[PDB]
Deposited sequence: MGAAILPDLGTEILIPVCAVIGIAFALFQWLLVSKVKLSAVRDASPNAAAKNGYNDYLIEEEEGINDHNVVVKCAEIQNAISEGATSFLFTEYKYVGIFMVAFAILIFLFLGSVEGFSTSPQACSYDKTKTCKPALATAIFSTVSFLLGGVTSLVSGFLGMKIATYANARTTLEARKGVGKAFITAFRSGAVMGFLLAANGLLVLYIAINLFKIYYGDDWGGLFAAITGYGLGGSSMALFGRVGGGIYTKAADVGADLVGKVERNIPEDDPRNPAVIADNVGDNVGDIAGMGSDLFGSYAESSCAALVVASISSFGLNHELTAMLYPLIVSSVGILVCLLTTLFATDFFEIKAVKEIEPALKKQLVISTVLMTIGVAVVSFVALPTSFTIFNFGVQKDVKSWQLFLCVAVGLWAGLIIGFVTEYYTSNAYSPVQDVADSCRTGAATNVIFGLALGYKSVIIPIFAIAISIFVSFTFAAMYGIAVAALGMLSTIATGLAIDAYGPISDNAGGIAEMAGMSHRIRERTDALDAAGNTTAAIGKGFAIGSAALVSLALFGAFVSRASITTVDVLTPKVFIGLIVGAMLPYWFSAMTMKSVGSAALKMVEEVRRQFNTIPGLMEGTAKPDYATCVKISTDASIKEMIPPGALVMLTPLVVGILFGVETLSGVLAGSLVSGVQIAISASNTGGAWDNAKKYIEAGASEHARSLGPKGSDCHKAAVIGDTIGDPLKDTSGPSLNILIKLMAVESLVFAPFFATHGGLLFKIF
């Protein structure tokens, strides 16, 4: 029953590792501070800092506005959680038999309605902090990356990567510490009722993904309205460089990288980490670990995350200290080495944890039955998710980097115009899904076989065990992106812009890899939650060949398309207005095209701000309302169908959308760099091939930055939301069938 590592060791180990992670993060923010700049060569440093401030102000301003709406919605929804969950036992204050063991007595369900609302708000707040902190580091390091670019690629790379690491370790450590705290606080009330305790904790993931949904969508709309509008009028119509200070949309564009690609992404991944941890905990809570009250083994998922931070710490040193980039061709291999190193070290890490934090034999809850599991099997569950992640990263890099043929072929197809560029890009994205799906399927088979829903949850966490590194190589990208925009806006040398362009291109690839991990883990966690939901709702079998389940399956499969329709149309409409606005200033403001006059940046920011705040509402509504509407009107069988179908369907469109968009971007970068003869043959900038590439790039903008990455949230959010309201649905739901 007991492991080698005693409960008190666990209670110490977790927050120690968290603090080590925060410590490391602050240490990296410190080093990045060594780069000095102020708005008070010398003219360059002053201009860079002025631009950084405009961006830092715009990003802070939008997030405050966005988080305001989202926080209000957060509060409203929390009221629904309390009400709906409280209504199950008529708000009784009396104890009841345990849902998991009739012979025992548990804390009243109304308590759980209360601690669920508590953990929901905890998660929601931690999610906003995750996004906001990320924006803070990014809007700090961007111009510092620009300035270090004067000294070479390797130096600007380090600044950007150190800064990515700040965000990665802060998110990973803060998310772990809040959960640890919440579990220990909650335990004070629950005592021996670990079932109710971890059922309450489940709201944490629900809160995390709930806020992330609006952050990803809202930020996504803001950024891509500007991106499309700036690039179309500037590069395609007016023949001026990307990020040219004459272009009124450039401030919104570069703000957008921080507000969407950074803030939205940070929340997103926090949601992933939280739901994965919660799912594991919820199944363990009614397995031998939870039933025999064994704290160490019970917190196996948090112990894994803990070691993950230390592993990622050692890994990061390989890129900041033990090596330096001399050639631009070294950048992408550097970033990929981060993944390989962490995966290898963490395979050793998890072996150790599995050896010391688990009994050699235990049981796992398996649809009403205690299944015999061995710790070496649980090691394989974690590890399969971990290696599936590496596989997914390798495949994604293959399809999105311009160092390989798929993207080079897409760039090449620009010789025959924008239409062929788009057909090839679409085809590439569709093609890209094949290996990720097999990886995910293999992970499911292995983990489902060994340890049912617990194994699957713990494979999700395995895929996210190295999340600090993952966030690092991902957050590195938009920082490099802003760095290039700043360089250009500060009229710096063409040689500076070339360095950042190389950093940026690698960042396009790592952003796609980040999305791969998000989609991979969302598939796994959603399946685990789905299985948990099925038990919690007292369903005997989810039989596909029943009218209730099947209509759910086909409708569930349709939801990701509905969601994508909304988000694509929003960006399209906003971008249309942006283009019309940028054109207006070019056509009416005297001397703007000449460099005489100043553009009005604030009107473009307003277009994307208005569009995002308004248009993020319906897609958020669709995802949040779906489980409630289906569960209440149609019942838990039909919701089971919806969950399965949205999972298997949404994953395809998510992967293809992200990779297509990533590919179009790097095909365009390929042409812009002119780093080979083939590349140079499609140039120079302004050529018909380059313009065709830009068309493809801007089509991919909403695909990879608005709809695409948000779909992983649509899937995991509905899953955890369904689990949380399961007792309510199973009691007060299925109405259309009760009355007819």
property: Unmodelled ranges, which are counted on the deposited sequence from position 1 and given in order; result: 1, 42-66
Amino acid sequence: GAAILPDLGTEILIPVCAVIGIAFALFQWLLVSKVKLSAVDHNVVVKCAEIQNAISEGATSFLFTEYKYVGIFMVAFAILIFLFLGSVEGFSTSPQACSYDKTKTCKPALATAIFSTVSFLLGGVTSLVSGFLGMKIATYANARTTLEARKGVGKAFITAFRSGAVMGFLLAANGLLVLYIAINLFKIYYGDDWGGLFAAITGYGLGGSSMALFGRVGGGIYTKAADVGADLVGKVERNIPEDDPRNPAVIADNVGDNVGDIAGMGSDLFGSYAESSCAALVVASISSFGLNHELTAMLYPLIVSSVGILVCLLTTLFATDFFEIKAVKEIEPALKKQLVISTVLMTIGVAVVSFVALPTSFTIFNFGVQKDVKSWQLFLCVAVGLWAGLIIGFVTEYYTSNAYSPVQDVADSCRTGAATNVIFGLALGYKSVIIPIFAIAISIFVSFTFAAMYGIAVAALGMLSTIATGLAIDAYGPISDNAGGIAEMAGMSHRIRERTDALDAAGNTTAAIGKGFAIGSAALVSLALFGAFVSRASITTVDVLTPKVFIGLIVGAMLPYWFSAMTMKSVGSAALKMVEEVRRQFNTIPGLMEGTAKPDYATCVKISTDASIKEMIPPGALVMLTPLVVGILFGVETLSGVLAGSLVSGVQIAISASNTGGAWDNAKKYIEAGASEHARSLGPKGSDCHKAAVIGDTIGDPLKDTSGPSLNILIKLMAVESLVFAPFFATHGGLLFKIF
From here on, numbers count along this sequence of modelled residues.
| item | value |
| --- | --- |
| Entry-level comparison of average CA B-factors, 75-83 and 610-618, reporting the higher stretch | 75-83 |
| Mean C-alpha B-factor comparison - 577-585 and 270-278, higher one | 577-585 |
| Deposited CA B-factor, highest of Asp688, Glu672, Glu677, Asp701 | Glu677 |
| Criterion, highest CA B-factor; candidates, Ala693, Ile713, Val45, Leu682 | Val45 |
| Third of chain Cα B-factors occupied by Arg238 | middle |
| Third of the chain, ranked by Cα B-factor, where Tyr204 sits | middle |
| Ranked against its chain, the third holding the CA B-factor of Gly152 | highest |
| Where the record places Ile364 (Cα B-factor, split into thirds across the chain) | middle |
| B-factor third for the C-alpha atom of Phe322 within its chain | highest |
